[PDB]
Structure formats: C-alpha cells, structure tokens
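Right, one structure below, let's go through it.
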Ligand SMILES: [K+]
Ligand SMILES: [K+]
Ligand SMILES: [K+]
Ligand code: NA
Ligand code: NA
Ligand code: NA
C-alpha cells in the first residue's frame with residue numbers, strides 16, 4: 109500500500125533453507141534488506157525450525173548464538189561439548205540459549221505433535237550471516253570432514269581413507285531412482301538432515317534428559333519458561349510476561365529481554381513505547397492488527421506515521437525504541453518478543469491507570485500540552501480504568517455469517 | 109582554504125530544526141557528512157537548544173540519550189517516568205543525563221536570561237538519527253496519538269473520538285490569518301512547541317524542583333556542575349575541570365568525560381594529546397584560534421598537518437585521539453569538552469613542567485631524538501616553568517584603534 | 109588457484125612503511141581489502157617490526173592499542189607516561205600491551221641478534237587506520253611540533269623559534285649528496301627513525317629495565333611469556349600454549365587470547381574449531397600446510421570448501437569462528453595466535469581422545485549421524501589414541517636428494 113511497512117515481516121519473507129518430509133528450517137530476510145532504517149538489527153536473524161513427531165535434526169554447530177523459544181509442542185534438545193553432554197526436554201513456552209559452537213541436535217519425541225521453534229540468532233563472524241556445520245553426510249549436506257584432504261583425514265582418524273569413507277562419509281554412487289511412493293527410511297534414517305527416529309531411540313535419548321514440565325526459572329544451566337514468573341501485566345484482557353536480561357544469566361551478555369504477551373480476543377495491548385529496547389515480535393498464534401507510530405522524516417507540522425499490518429501465525433514485526441505501539445486481537449493473539457538493547461528498558465504506557473507517563477505529568481503542563489482545560493484532561497485520561505490491556509470494542513455478528 | 113578542516117564545525121553547520129518566537133532548537137551536521145575521517149563519531153550528534161525567559165518546551169521523549177550542559181542562565185528541567193516524576197533547577201555549569209525514553213520538558217523560569225543548553229546525543233535505533241516524540245498537538249507538530257486510528261484511540265482512551273479530538277488533539281480549521289503584530293498567546297500558550305509561561309505556572313512548576321545552586325557532585329540522581337571538583341589544572345592563565353566516566357555514575361555507561369576549560373585572554377592551553385579519548389569541543393564564550401596536528405596520509417619525510425580555525429561563541433571542533441592540540445584566547449575563552457572513549461584517558465602535555473612526557477624521556481633518548489645536545493634540551497624543555505596553561509605573547513595596541 | 113583463499117595473508121601482503129639500514133616496519137593489508145568475508149576484523153591490523161643489533165626506534169605514540177609478541181631475539185622496551193617511565197627487557201616469547209597514547213621506543217641491545225616483533229593493533233579513531241606520532245625530526249619524518257605555528261611553538265616552549273628550531277627541529281638545508289659507501293651515523297644517530305646506538309647508551313638505557321628472563325606470568329604490569337603456563341595441550345608432536353583474556357588483566361578489555369603452538373616436524377595439529385574466537389595466526393618459524401573448512405555460500417548437497425595454503429616464516433592466516441582447521445609441519449612450525457572474541461572460547465577437537473565432541477555424542481546419534489554401524493564408529497573414532505597433535509604420515513626420502 110502507498111507508504112509501505114519496513115517494520116513488518118510477514119510469514120512469506122521467510123526463505124526455506126531446508127525442507128524434507130520430516131521438517132523444515134526457514135530463516136527470515138535480513139532486517140536491513142529493503143529498509144536501511146533497521147541497521148542496529150543488522151546482525152540478528154530469525155530462524156523458525158519445524159519438525160514432525162518422532163524426528164531428529166542431525167548434530168549441528170553454528171557460528172552464531174541462539175535463543176530458542178518453543179512456540180508449539182515438545183522436544184528433547186541435546187548440547188554436546190568437548191567435556192560433558194547435556195539434554196533437556198522443552199515444553200511450550202521454554203527458551204534456551206545455545207551458545208556459539210555448541211554441538212547440538214533436536215529430537216521431537218512426541219507421537220502426534222509437530223515441534224515449532226523460533227530462534228533469534230546473533231552471528232559471530234559476519235553480520236547477518238552464519239552457517240550450519242554438520243558432521244553427517246547426507247544427500248543434502250556433506251560433512252566438514254569432506255573438506256579435508258584424504259591425507260589429512262587419514263592422519264586425523266588414523267585410518268585408511270577407504271574405512272573413513274565407508275564409516276563417516278559415504279561412497280561413490282552417481283545416479284538416481286528417487287521415485288515410487290510409500291515411506292520407510294534411507295541409508296539408515298529418513299535421508300537428509302531431518303530424519304525419522306525409532307521409539308527404541310527416543311527412549312534411549314530422552315533417558316538422560318533433564319525434564320522441564322515444571323516452569324523452570326531463568327538460571328544459567330537449563331531451559332526457562334517465559335511464563336515462569338507471574339505476569340508482569342495481568343488483567344482480564346491479556347497476560348504480559350517478560351524476563352529482563354539482568355535477571356537472566358543465560359542471556360545477560362546478549363542484553364535481550366524476552367516477552368510473552370497473550371492478548372485475549374477483542375482485547376488490546378494499550379499504546380506504549382519501549383524506552384531503549386528495540387523489540388522483535390513473533391506471532392505464535394491468533395490474528396490481529398497493530399499500529400506503530402513513527403515520525404516520517406520523508407525527504416509545515418511534523419507528520420507522524422502509522423505503520424499498520426494484519427497479523428497471523430508466523431509473522432514478524434519490529435518495534436523501534438521510542439516508537440509507540442498498540443496491538444489488537446481478532447483471535448487469541450500470542451506474541452514472542454525479542455527485545456534488543458533491553459537492559460534498563462522501561463515500557464511507558466500512554467493510556468489507562470498504570471505506568472501512564474501522560475498522567476504522571478505536572479498538572480499545569482497537561483494544561484499547556486493539550487487544548488483541553490487541565491480538569492478536562494484528568495477526567496479524560498481517567499476514563500480508562502483498565503491498565504496495560506483493555507477492550508477493543510471488537511467486531512462481531514448481526515445479520516451476518 | 110587550500111587544505112580544509114574536517115574537524116572544525118563552525119556555528120553555521122548547525123541546522124535549525126525549530127524556530128518560533130520563544131526559542132530555537134538547532135542540531136549539528138552529522139560528524140561524518142563531508143569527512144569520512146570521523147566514523148567512530150557517526151552516532152553522536154550535537155544539539156544546541158535555546159529559549160527566552162519564562163518559556164516552556166512541551167513534553168518530549170527521544171530515541172537517544174542526552175547529556176545536557178547549561179552554558180547560559182537557569183532552567184527547571186522535569187523528567188517524567190511511568191512511576192515517579194522529577195525536577196531540577198540547573199544553573200550555569202550544570203550537566204545532566206536524560207536517559208533514552210524519559211518524558212522531559214524544560215522551563216526557563218528566569219525573568220530576563222535566555223537559556224542555553226548544549227546536548228550531546230547518542231541515538232539508540234539508527235546511527236546519527238533520532239526523533240522527537242510530543243503528545244502535544246501544535247500548528248508545528250502533531251501528537252503520536254494522531255498516528256493511531258480513531259477506533260484505536262477510542263478503545264485506548266475509552267472515549268468518543270470527538271471528545272479525545274476536542275481535548276487531546278485539535279479540530280478541523282483549514283485556513284489562515286497569521287498577520288498583525290503585538291504579542292499574546294495562541295490556543296492557550298504561545299503556539300508551537302516552545303510556549304510562553306505564566307509566573308503562576310513557573311511558581312507551581314518550580315515548587316517541586318530540587319534546587320541546584322550549590323555545586324552538586326557527580327552522583328546518579330540529579331544535575332552535576334562541571335566545576336564541582338577543584339580544577340584539575342589551575343594556574344593564572346586558566347582553569348581545567350573534568351569529570352572522568354569512572355567517577356560519574358550518571359554517564360559511566362556512555363564512557364564520556366566532560367571538561368570545562370576556561371582559557372584567560374592571551375593565555376594558551378599548552379599542546380597535549382588525548383591518549384584514547386576523542387574530544388568534541390564546544391565554544392560557550394570568547395574568541396581564539398586552535399592548532400590540531402595530524403599526519404596527512406594524503407594519497416619523502418612524512419608530513420604533519422595543522423588544522424587551524426578561528427573560534428567564537430557556538431563553534432564545535434573535534435580532537436581525534438592522539439592528535440596534539442593547543443588553543444589560544446583573544447578573549448576569555450570557555451570550552452565544553454565531550455570526550456568519547458574517555459575511560460582511562462590520559463592527557464599528555466608536551467611543554468612546560470607537569471605531565472610533560474617529553475621530559476619524562478630517558479636523558480640519552482632525548483639525546484638521540486632531537487638534534488640538540490642532551491643538556492641543551494633539558495634547559496630548553498625547562499624554559500617553560502608554567503604548566504598546562506601559559507602566556508601566548510598576545511596581540512594588543514600601539515598606534516592602533 | 110581457482111577458488112582463492114580470502115583467509116590467507118602471505119608474507120608478501122605486508123606493505124613496507126619504513127626501511128632504513130637499521131630496521132624495517134611492515135604492516136599487513138587491511139583484513140577487509142579483497143574479501144568482504146572478514147568484516148568483524150576490519151579494525152585489527154598486523155605490524156611486523158624488525159631491527160638490527162644495537163639499534164633504536166625513536167619515541168612514538170599511536171592512536172591504537174598494541175599487543176607485542178617477540179618472535180625473535182631480545183629488546184628493551186620503554187613506555188613513557190605524563191607521570192612515571194618504565195622499561196622491560198623482553199626475550200623470545202614475551203608479549204606486552206602498549207596502551208593507546210603511551211610514548212614508547214624499542215632498543216635492540218643484542219650484539220648479533222635481529223629483533224622481530226609482531227604486533228596486533230586495534231585503532232582508536234578510525235577503523236583499520238592509525239598513525240605514528242614522533243617528536244623526532246629526521247630526513248624521514250617531521251615532528252608534530254612542526255605542525256604548530258612559530259608563534260605557537262614560541263609561546264609553548266617559551267623560546268625564540270630560532271632556538272627551538274636549532275634544538276628540537278632542524279634547519280633549512282635543501283640539497284643532497286647521499287652517495288659514497290661505508291657506515292657511520294648521520295646528524296647524531298644513523299639518520300631516520302631507526303638509528304644506531306652506542307653501548308654507553310645501551311648500558312645506560314637497560315640499567316632501569318625490569319629484566320624478563322624468568323617466564324613472567326600474565327599480570328597487569330610487565331611482559332608475559334606466552335609459554336609461562338604449562339602447555340594447555342602437550343604430547344610428543346607439539347605444544348599448545350594459550351592465555352585466555354579472563355586470566356590476563358593486561359588485555360582482558362580487548363578480549364584477546366594469545367596462543368603459541370609448536371608443531372613438531374611431520375606432526376599435525378588435529379582438526380578443531382574455535383567456538384566463538386576468530387583467530388589471527390602468525391608464522392614465526394618452519395614450513396607447513398593448513399586446511400580450513402568453510403561452507404561455500406557461493407551465489416543440491418551443501419558443499420564445504422577447503423581453503424589451503426603453504427606456510428612459512430612471516431605468513432598470516434585467519435581462522436573464522438566455527439570453521440574447522442588443521443595444520444601440518446614439514447619443518448618445526450611455530451605459530452602465534454591472536455584470538456579475537458576469545459572470552460569464553462572453547463576449542464573443539466574432532467579427532468583423537470580428548471575434547472573430542474564427535475565421541476561426546478550420544479551412542480544412538482552417532483548411529484543416525486554417520487553411515488557406519490554405531491560400533492564401527494566407536495572403534496574408528498578410537499583408532500586415534502593421540503590427542504590434540506598426532507603424526508601426519510610425513511614425506512621423507514627414497515631414491516631422492
Ligand atoms: K511490547
Ligand atoms: K582537551
Ligand atoms: K588454533
Ligand atoms: Na599408523
Ligand atoms: Na465503553
Ligand atoms: Na617571555
């Protein structure tokens with residue numbers, strides 16, 4: 109539409125990196141592609157990863173940090189080190205920092221639930237770009253071991269290339285059949301990087317795992333549910349959870365807050381602005397619209421600019437620091453918030469009866485600030501008795517189907 | 109002149125953002141406009157803001173940090189939060205960090221003194237660019253509330269748009285008279301973002317205010333006078349004050365030192381270099397010349421480069437780390453220094469008899485370093501018995517008017 | 109060769125900045141010249157500095173930090189401050205942070221040993237660019253004092269320009285003879301910035317110096333030998349030393365680890381990857397080859421990319437975080453490692469029997485990960501009983517000369 113939305117990143121702007129019959133691994137366009145208004149976010153990327161019941165992403169390490177949030181189902185994740193090796197179950201809500209270089213792999217042990225993970229990634233080397241290192245050799249990726257010379261591999265493993273090749277790599281087989289339809293496996297596990305897993309294996313693999321279930325609190329060891337603490341804002345229109353970095357060792361070096369806002373249908377996250385935090389917002393569920401307010405630099417009276425977009429499962433949108441936002445709900449809307457620059461943030465609501473900086477003004481300034489009489493503004497301001505969330509005067513039925 | 113001055117930012121390179129009859133709000137060209145030698149300063153901007161007696165900037169928040177220094181007069185500043193609301197008087201000399209997102213507004217309660225504020229700003233979102241958010245609706249800026257849809261505003265305030273509009277915004281009135289001359293007000297306060305204020309109001313507004321007067325010391329709460337501590341360098345040619353970040357909680361996260369150098373007429377801030385700190389220097393008062401020394405990369417003997425410029429009330433100039441500087445005074449010259457990267461800085465004077473790194477040399481190296489005999493250099497070096505500042509052999513009168 | 113090596117910086121890509129008959133001062137091309145894959149290293153530069161016995165670099169300060177490592181011989185370094193003045197002997201192995209702005213100069217007191225220093229530099233002002241400030245006036249560089257005006261110099265030193273000029277600078281002499289051959293001196297010390305020194309002087313100059321000899325431990329005061337601690341990895345194929353930033357006050361603000369890997373002939377630093385650290389690797393001695401593994405983004417099965425290069429005294433190469441590396445040795449190969457982003461790094465070996473993350477995998481995942489049976493992989497993996505370094509099945513003789 110005339111006057112576009114730089115800050116809106118619909119579902120579609122995910123580029124598939126990897127689809128096989130067991131899961132997908134999408135990544136979102138670089139925040140600074142079309143826009144040049146989102147430069148401070150040049151490093152961050154958003155990955156959605158998805159898998160089907162009883163499945164396994166093969167071991168991977170990346171040149172990037174990861175903050176996992178399970179927006180759907182269960183997974184055991186394992187994280188492997190030079191020294192120890194770990195494993196956590198993770199339920200809906202759970203988040204987890206995978207540091208940069210950790211060998212990890214994620215199993216979906218559920219029997220009928222797809223796994224849905226959304227990852228913020230912070231590249232280490234180059235800005236907006238990381239890569240996935242697999243030891244596995246599939247028809248889809250090769251091992252890094254392949255990038256070594258036979259001599260080097262042979263010294264390395266202390267083994268005839270022919271034995272390495274047979275065991276770690278794979279042999280010459282340069283044709284094709286790849287037709288006919290049913291389902292089974294390939295090589296050993298449904299070929300590719302996302303493979304089908306046996307219960308035998310799920311049982312073995314989960315047996316080590318540190319169970320979540322109980323909503324674990326932001327520590328430095330295991331997963332932490334974004335609903336662990338009591339809502340920060342809670343009433344009968346929604347819930348607002350949030351873990352600020354300073355109270356969360358696992359990410360405090362990344363200076364990320366994480367939020368989980370549930371907006372009930374016909375409800376409205378009343379307008380606020382984030383004082384220093386740039387928020388990357390992720391739709392898990394529901395439908396709605398938002399209104400972000402900017403000053404159109406463009407290039416008489418300084419014009420403000422609404423940047424609106426419909427919302428739905430999968431979309432990303434971004435909230436620049438200082439920019440007032442508000443968010444509707446046609447259907448029960450659930451949002452995941454990655455707040456960059458979040459340490460010391462303060463969310464300033466602009467309506468209703470808490471953290472309302474407009475009311476916190478000096479009487480006589482309200483006076484000078486708005487055309488109404490002082491008293492008219494206290495009354496008006498006070499007409500919204502709900503805080504944080506309210507009713508949005510929703511649409512409904514009447515002579516309608 | 110042939111061989112320009114990248115580092116000099118005369119008064120003129122201020123772009124007005126806002127002039128009405130009550131004050132101005134200028135901002136300085138981005139440090140990396142013409143030059144590409146000033147990249148590390150790409151984020152910082154310098155705002156001068158000015159107002160006339162009994163006046164008020166309307167409430168504003170920005171997507172940027174602010175370090176205020178009052179180079180002229182008095183002001184009450186208020187800073188408003190989701191929770192509390194504060195207010196300080198500020199006299200000449202006082203500085204104050206306005207964090208990013210703080211609702212603030214500045215009154216000039218004086219009866220005949222113009223208020224002069226110089227702000228370093230550090231944008232949060234985008235590099236070299238911030239914006240001003242006002243709830244006010246004037247003939248000059250609109251409210252961010254205007255960027256919301258009527259439906260959204262109506263849910264928000266819990267009020268008929270028509271009542272919001274009447275009280276918080278303003279109504280349709282699409283013509284003009286804007287002629288005839290006298291002075292009074294407009295709407296309620298002299299229209300625009302800088303408005304005329306009543307004593308009734310000044311009295312009320314200042315009644316909360318935490319008075320400065322007494323030269324408050326670098327804390328984390330209120331304003332701090334850049335002359336609070338005893339001069340760091342003081343003799344009969346000038347005074348050199350400076351608050352390093354590590355001894356100043358309010359900015360220590362920004363890693364800014366602030367200086368206040370008064371150079372007496374015909375005096376001379378002897379040549380030094382800042383070891384890590386990049387200094388942004390601001391002329392409050394007086395006239396003089398400076399000499400900055402660089403190595404002209406250009407593109416036989418490596419050539420050095422003087423970058424000189426006359427000085428006067430309002431000018432900015434910048435001192436790259438490591439680059440030797442010296443500053444004259446035709447008239448009593450008063451400078452405000454924003455030292456970026458200032459934590460652990462050490463100012464190395466190169467003449468006179470303190471912090472003189474040339475004299476700190478090994479005898480026998482002086483020997484090898486300069487053409488003179490060792491003894492000739494100790495004597496010479498020692499011919500300047502004043503430290504830090506000295507006499508500049510000024511110009512004066514003789515058969516002259 | 110088709111498919112170039114961005115990460116390889118042979119000896120040749122050093123640009124001489126300064127050669128006279130007493131030493132050279134080379135600097136390496138900006139890590140982001142040809143490549144745009146090395147952006148996070150845009151600031152760092154590598155300087156090799158070399159001098160001949162009984163010599164002196166004249167006093168210099170830079171707008172950049174320095175981490176010195178002596179890869180050959182001995183030096184006294186002096187570091188001069190506004191306040192105190194210091195001096196350390198430094199033997200092979202020793203490293204030292206010269207902060208930004210420290211007046212320093214380096215003497216080579218040895219009688220027959222050339223001094224070889226390799227410096228990582230981190231510019232302060234501009235990214236990839238620093239400059240050298242000398243008070244000396246040679247036929248090669250001028251003093252910064254020259255960049256001041258006569259009036260300014262005269263106030264400064266409190267001396268007739270004609271006396272300054274005679275003692276600190278040098279006088280007009282605008283011709284040439286610069287022929288005939290023997291050796292002696294010029295002006296006072298072999299002209300230029302690197303000069304010939306007397307024993308009389310070496311004796312005097314070293315008399316202050318804090319002797320190294322004993323392998324001093326990472327403190328915050330003096331030089332620290334990169335072999336101070338016991339090897340981190342040691343067996344009969346090499347030694348691997350490393351000082352991580354958190355255990356080394358002098359650099360912990362720079363977040364640099366330093367390594368010293370000695371690979372014995374026919375030995376092999378087995379393949380690993382650095383989890384967060386980007387390593388800048390410097391060849392002191394020996395010959396060999398390396399294999400770095402990357403994912404060629406390029407632009416069916418994701419291709420990996422070997423980036424190989426022969427090695428020899430002087431070469432630089434770089435190891436991106438996460439990228440597996442391995443290094444051979446034709447001759448006793450000695451490497452200096454500048455690990456950027458090194459705080460919390462963990463080196464993951466991929467072969468042999470320590471810190472082997474492949475073996476740390478879950479049995480049943482190895483199962484799914486490689487084509488071999490689980491048991492075949494444990495056996496194979498276990499066929500390399502040496503850790504860290506091993507034998508490379510080297511080349512040798514047979515019907516050969
Ligand atoms: K929010
Ligand atoms: K200064
Ligand atoms: K290494
Ligand atoms: Na063997
Ligand atoms: Na109502
Ligand atoms: Na005199």
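Chains as they are written, first to last, in the authors' numbering: chain A, 109 to 407, 416 to 517; chain A', 109 to 407, 416 to 517; chain A'', 109 to 407, 416 to 517. A prime marks a further copy of an entry chain.
For each residue, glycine too, the CB sits at the ideal point set by N, CA and C.
Minimum Cα-Cα distance from residue 458(A') among the listed residues 435(A'), 474(A'), 285(A') and 473(A') corresponds to 435(A'). Counting other Cβ atoms within 10 Å of its Cβ, residue 462(A') reaches 16 or more and is therefore classed as buried.
Beyond the five residues adjoining it in sequence on each side, residue 164(A') comes within less than 6 Å, by CB distance, of 215, 303 and 305 in the same chain, given in chain order. Within the region 149 to 178 of chain A', the residues whose Cβ lies closer than 9 Å to any Cβ of chain A are, in chain order, 164, 166, 167, 169, 170, 171, 172 and 173.
With fewer than 16 other beta carbons inside 10 angstroms of its own, residue 279(A) counts as exposed.
Here DSSP, grouped into helix, strand and coil, assigns residue 485(A'') to helix. In this structure, the beta-carbon distance from residue 153(A'') to residue 362(A'') does not fall below 9 Å.
If you check each beta-carbon in the region 186 to 198 of chain A'' against every beta-carbon of chain A', the ones closer than 9 Å belong to 186, 188, 189, 190, 191, 192, 193 and 195. Assignment of residue 358(A'') by DSSP, reduced to helix, strand and coil, places it in the coil class.
Using beta-carbon distances, residue 447(A'') does not count as an interface residue toward chain A, since no partner is under 9 Å. Contacts with chain A'' at 9 Å (Cβ-Cβ) do not include residue 246(A'). Put simply, the CB of residue 255(A) is far from chain A', with every gap to its CB atoms at 9 Å or more. Apart from the 5 residues on each side of it in sequence, residue 377(A) sits with its Cβ closer than 7 Å to the Cβ of 346, 369, 371, 442, 443 and 505 in its chain, given in chain order. Going by C-alpha positions, residue 256(A'') is about 6 Å away from residue 422(A'). Using a Cβ-Cβ cut-off of 9 Å, residue 465(A'') counts as an interface residue toward chain A, since at least one Cβ of chain A sits closer than that to its own. Between the C-alpha atoms of residue 380(A') and residue 327(A'') there is a straight-line separation of about 30 Å.
At a cut-off of 9 Å between beta-carbon atoms, residue 403(A') makes contact with chain A''. Close partners of residue 357(A) in chain A'' (Cβ separation under 7 Å) are lacking, with about 13 Å as the shortest Cβ gap.
Looking from the CA of residue 247(A), the closest CA among 354(A), 476(A), 341(A) and 128(A) belongs to 128(A).
Here residue 244(A) has 166 as same chain residues with Cβ atoms under 6 Å from its own Cβ, once five neighbours each way along the sequence are excluded. Inside the region 440 to 468 of chain A', DSSP marks whole beta strand (DSSP E) runs of 3 or more residues at positions 441 to 444, 449 to 456 and 463 to 465, from first to last along the chain. Taking a 10 Å sphere around the C-beta of residue 124(A), we find fewer than 16 other C-beta atoms and assign the residue as exposed. A distance below 9 Å separates the beta carbons of residue 253(A) and residue 277(A).
Contact annotation: in the region 212 to 240 of chain A, no residue has its CB less than 7 Å from a CB in chain A'.
Residues of chain A'' with a Cβ closer than 7 Å to the Cβ of residue 115(A') do not exist, since the nearest Cβ in that chain sits about 11 Å away. Assigned with DSSP and collapsed to three states, residue 315(A') falls in coil, not helix or strand. Between residue 451(A'') and residue 390(A'') the beta-carbon gap is near 7 Å, inside 8 Å, which marks them as a contact.
For residue 492(A''), no beta strand (DSSP E) segment is defined; the enclosing uninterrupted segment is the alpha helix (DSSP H) at 490 to 498.
With a contact defined as Cβ atoms closer than 8 Å, residue 126(A'') and residue 331(A'') miss out at about 24 Å. Taking CB atoms only, residue 272(A) has a neighbour in chain A'' less than 9 Å away.
Counting every other CB atom within 10 Å of its CB across the protein chains shown gives residue 111(A) a total below 16, marking it as exposed.
Among the residues facing chain A', residue 138(A) is not included, as its CB has no counterpart in that chain under 9 Å away. Excluding the 5 residues flanking it on each side, residue 426(A) has same chain C-beta neighbours closer than 8 Å at 395, 396 and 397, in chain order. By DSSP's assignment, residue 231(A'') forms a beta bridge with 172(A'').
Within 7 Å of the CB of residue 485(A'), the CB atoms of chain A'' belong to 166, 167, 243 and 244, in sequence order along the chain. Bridge partners of residue 305(A') according to DSSP: none are assigned.
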